[PDB]
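Positions of Cβ are generated from backbone atoms using ideal geometry, with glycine treated the same way; all protein chains shown enter the neighbour counts. Each reported figure results from applying straightforward, stated rules to the coordinates on display, with no laboratory input.
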Amino acid sequence: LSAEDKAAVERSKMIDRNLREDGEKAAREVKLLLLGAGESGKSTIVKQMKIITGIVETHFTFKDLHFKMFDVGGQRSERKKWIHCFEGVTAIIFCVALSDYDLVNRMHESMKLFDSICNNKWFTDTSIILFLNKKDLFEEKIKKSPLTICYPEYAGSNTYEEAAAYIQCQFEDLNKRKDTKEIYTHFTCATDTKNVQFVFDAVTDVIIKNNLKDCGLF
Amino acid sequence: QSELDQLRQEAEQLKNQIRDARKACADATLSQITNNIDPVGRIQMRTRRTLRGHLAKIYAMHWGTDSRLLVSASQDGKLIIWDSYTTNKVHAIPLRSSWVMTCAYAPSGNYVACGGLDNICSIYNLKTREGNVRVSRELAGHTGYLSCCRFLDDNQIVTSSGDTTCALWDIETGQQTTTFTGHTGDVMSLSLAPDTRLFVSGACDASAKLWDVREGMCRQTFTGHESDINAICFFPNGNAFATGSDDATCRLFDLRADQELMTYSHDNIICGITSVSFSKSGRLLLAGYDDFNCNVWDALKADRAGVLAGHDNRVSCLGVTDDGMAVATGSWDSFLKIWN
Amino acid sequence: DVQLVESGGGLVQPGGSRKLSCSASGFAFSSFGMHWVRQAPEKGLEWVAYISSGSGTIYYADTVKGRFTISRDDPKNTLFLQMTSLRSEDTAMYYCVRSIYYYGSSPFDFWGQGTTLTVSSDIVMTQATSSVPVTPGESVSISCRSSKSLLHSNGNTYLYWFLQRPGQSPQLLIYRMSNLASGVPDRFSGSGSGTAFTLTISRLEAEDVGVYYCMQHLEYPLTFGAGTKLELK
Amino acid sequence: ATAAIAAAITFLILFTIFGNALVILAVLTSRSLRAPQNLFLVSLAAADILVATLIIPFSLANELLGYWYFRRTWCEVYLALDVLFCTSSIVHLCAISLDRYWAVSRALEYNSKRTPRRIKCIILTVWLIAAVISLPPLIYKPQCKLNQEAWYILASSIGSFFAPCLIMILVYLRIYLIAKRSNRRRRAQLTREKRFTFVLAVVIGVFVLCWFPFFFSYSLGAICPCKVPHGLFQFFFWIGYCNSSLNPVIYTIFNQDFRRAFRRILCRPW
Amino acid sequence: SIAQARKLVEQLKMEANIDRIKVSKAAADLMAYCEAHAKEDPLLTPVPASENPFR
Ligand SMILES: Cc1cccc([C@H](C)c2c[nH]cn2)c1C
């Protein structure tokens, strides 16, 4: 037996060890997914996230740790047949704009888009994070036209603290499952450090919860 | 005046005059014919191989030429050229992308191809004496996502995307030859005739269009399903073809009689049908479902002739060789197994 | 298109110790095992050593072990051969050889220039007789008969037909007894069964005359014969 | 009479056959358990089966009709293996505890360092530490007793139990403080708090009530060469044996992935 | 607008001249193809280890 199989199993083992030592390098790094809307805010939040067709990755670094952003909006097709291929990710970013309420049912379209991702059968473990862009641009929106244009079922004041909190309250009360994942929300800013650092901390909490998923302390 | 509504009513008029002309001709059902047939027996078959080399999902597989070599794809951007006798792996191919939807192998044995969400069908060489794994060509003409692609020869390939279309490329020139526009839903998969003259395309609009290769126009459009269509394979003679859907009903269409013939209903679990396969000489239609199973339907009895064991995740691709001696199942838990 | 770089030296008295180098360019050097083929001036080929790809398999012959050492440097793409305690009967022409071993591969498919060094129970193979008159149009039946049966129920039969052109390095013709090498015409129709072998060369043209070697590769070391060359007369 | 009790000990051996190697199979054929924190559990199961199949039948032969036999020079080898395979188990337990501390104390920049090469380095390091503990019964020189000079028994007792037990107590108290910090819609919190309180209570309690009285009786004999009742000492020795059986129960049933693996193993015959 | 309502009418007018086959004849063809090649299918009937390179 094993005429030249003693040299064939050597090739069978070399590029099998290569698969292991190349898969560990891709499995130890953390991945962050990015949904959004139609050209809403996925260009402003990637101004800091730049560097070290279909979908294109974004491989930047922060505190000597490489992140991989996976865009979605480049796919001009349906979502029912490839959203299961993007599982195993740590954090899903769902960037939402605020100044698109007047143009038409755009904010009402983003609510049922947020509803389809929080009740997905494949994303029942990955925690989702939503941004709220145009923080300074939404402050001048209320004095011309309030938020109560197409809301007869809700009454409130015309202050900026009430308008920014009700959008955060309406998005958070959409998930049917509340035990596993926890929706995070952060208003953006014009700075560079505090725009991503909370997101940094957010990913930290997820892995801590993932460790509480591992030790059984959850 | 306003004859656009009349042009819309001409569609239903020509439908009722042409497609609803199957009342005095489509009379022979498959219960009077299949009464005096003989069954195949309870098929007891077990796994002979277990290819534990991958680390991600597997939903792309195509055989070799002499029923020897496997082509498999993972979600790490890795192609593996498996051997089916000694559990050997020959070529490990790193990829520029990471999410692979389909793969194919040449009918001669030289080239491979793979594609995914990056809208690039990359054709690679294996017989290169200078840097054994290298990039031959990278085709790109779609704006959605590549779904399934199969070879015709060492110079052409038939690809299909989610752009409600499918195309026939050219390896020698690098451009495209034709584009098969005129489709409504998302194209999911395709199969082709063994003499390579007619190919059947999949859909998400519950249709199975038989196209043409040379002339560049559509030939036949079918119906019958109430959901999407995930996998279509073609009969080894040229008469029929099977279609798998998401309502646990695998149907068997027909081209000569132009009538749907047999339905496969699984009354236990109503999960989808994500892979179909024929045998060598019929009478054994293999079907990989979403309920962690792999069932064996009969081509004339429509009862299950034995089951197959499952995995930790769903069986997503099937395969029967050119001679008919190896069934290969590929699931999402990296356990590409080879049955009897 | 690929290149193999070698060097040379002078005559060495019996009792020396040197190092030879083989460099490669044009292909990936890491994924090929490396042979050393030593050609005596009496036309008889013989084998020295083999190193594998993953540096875990080093093979020698019977009368070779002990005083020879092989090594390789993959970022430098070089092959080093340290020879100690040289004699007056082990100095000859050398060849550094790339070879890969998988299903559908071609071992001994491209050799190199090599070096010149001068001074001053295996498997029995039969090669007789190296004097056959050929014309441009005459066929030939080269006799190469083995003793051990090469039917492993595998079913690869491991015999290799090589052609040596006069003046340059020899090249492969037939690998695994029934295939055809890349860049070789289809005149070399070879076949056989178990023990018998036949190399039918029909429609001959007077441009590829040389020495025909048949090599047996079921067990180590590499067994050879004596040589089979043609003639115009 | 007595041997039926030993038959229960035999049943004890059977559970060490049943659990540990099965846990090894739960690492071998899995996809969700490919994470590199399970090599510690593989080495712990290997250490437990090396406790069982090498030490426990000879202990059963030694306790029943007490005198040492089957050779003359096997006494030192048996004492060395008995110290080695148990000290290895204790240091694998404190290594699991330290890895679970380093999981949540530094979250992001530790996963770039938690490589299986580092895990194998920690495993070989703690096996070499156990070998250093088990060496001074080999070097420096019919009842096969357990007795050495006063310099070794204190050092071996401390470096076997009293430093890893103190490290595990401080680590799991820090884990309890972190899990109290990482908890803050109310009925899913007040029961979750009792859940991880019960888990961190059982993990820190079964180890203490399973090892601490034997090391207390083993350390009072060098502090005060005063109480030798010879009744509770052998019972504490068997209680010290019992963790080689109790290890697959604690560290596996509290996770969803190990329970899913046990379910897919035990559902295929049924 | 007009072209998408015209191409469907052209497709329905080009899918009219099809000389179809009787359904019983097309079923007899599929029956005869499975009957004639019933001994060249080594998956319907198992083969021993001498006729199989797997076992
Ligand atoms: C110091 C030390 C370290 C490890 C094991 C032991 C004894 C032999 C024991 C405890 N339980 C099982 N055997 C000692 C004394």
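List of remarks:
- In the stretch D:231-260, the residue that is nearest to residue B:312 (Cα to Cα) out of those that are of a type in the set (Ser, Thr, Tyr) and either away from the ligand (no atom under 16 Å from the Cβ) or within 13 Å of chain A (Cβ to nearest Cβ) (or both) is D:252.
- Of all residues assigned to the stretch C:97-120, at least one qualifies as being at positive phi, within 14 Å of another protein chain (Cβ to nearest Cβ) and surrounded by 13 or more Cβ atoms within 10 Å (Cβ to Cβ).
Residue-wise test of (1) surrounded by 13 or more Cβ atoms within 10 Å (Cβ to Cβ); (2) touching a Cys at 6+ places or on another chain (Cβ under 7 Å); (3) not in a helix (DSSP H, G or I).
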| residue | (1), (2), (3) |
| --- | --- |
| A:137 | no, no, no |
| A:144 | no, no, yes |
| A:153 | no, no, yes |
| A:186 | yes, no, yes |
| A:192 | no, no, yes |
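- Residue ID - surrounded by the most Cβ atoms within 10 Å (Cβ to Cβ), chosen from residues in the stretch D:150-192 that are more than 14 Å from the ligand (Cβ to nearest atom) and among the β-branched types (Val, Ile, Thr): D:175
- Which listed residue is under 21 Å from residue D:51 (Cα atoms) and acidic (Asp, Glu), from D:109, D:76: D:76
Every residue, every condition in (1) assigned to a helix (DSSP H, G or I); (2) away from chain A (no Cβ under 12 Å); (3) β-branched (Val, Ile, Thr), yes or no:
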position: D:109; (1), (2), (3): yes, no, no
position: D:139; (1), (2), (3): no, yes, yes
position: D:145; (1), (2), (3): no, yes, no
position: D:163; (1), (2), (3): yes, yes, no
position: D:173; (1), (2), (3): yes, yes, no
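- Single residue of D:158, D:139 found to be farther than 21 Å from residue D:207 by Cα and of a type outside the set (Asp, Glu): D:139
- Residue D:40 within 14 Å of chain A (Cβ to nearest Cβ) and part of a helix (DSSP H, G or I): yes
- Hits in the stretch B:14-53 (condition: at the interface with another protein chain (Cβ under 9 Å from one of its Cβ atoms) and not in a loop (DSSP other than H, G, I, E, B)): B:14, B:15, B:17, B:18, B:19, B:49
- Under the condition of being within 10 Å of another protein chain (Cβ to nearest Cβ), under 14 Å from residue B:62 (Cβ atoms) and surrounded by fewer than 18 Cβ atoms within 10 Å (Cβ to Cβ), the residues counted in the stretch B:108-135 number 1.
- Any hit, the stretch D:120-135, residues being within 12 Å of the ligand (Cβ to nearest atom) and not hydrophobic (A, V, I, L, M, F, W, C): yes
- Test set (1) within 14 Å of chain A (Cβ to nearest Cβ); (2) within 19 Å of residue D:148 (Cα to Cα) - residue D:215 fails condition number: (1)
- Breaking point among (1) farther than 28 Å from residue B:17 by Cα; (2) more than 7 Å from chain B (Cβ to nearest Cβ); (3) among the small types (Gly, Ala, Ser), for residue E:1: (1)
- Residue that is farthest from the ligand (Cβ to nearest atom), among those in the stretch D:59-91 that are farther than 24 Å from residue D:245 by Cβ and under 26 Å from the mean Cα position of the chain (by Cα): D:74
- Yes/no for residue B:138 being closer than 30 Å to residue C:100 by Cβ and away from chain A (no Cβ under 14 Å): no
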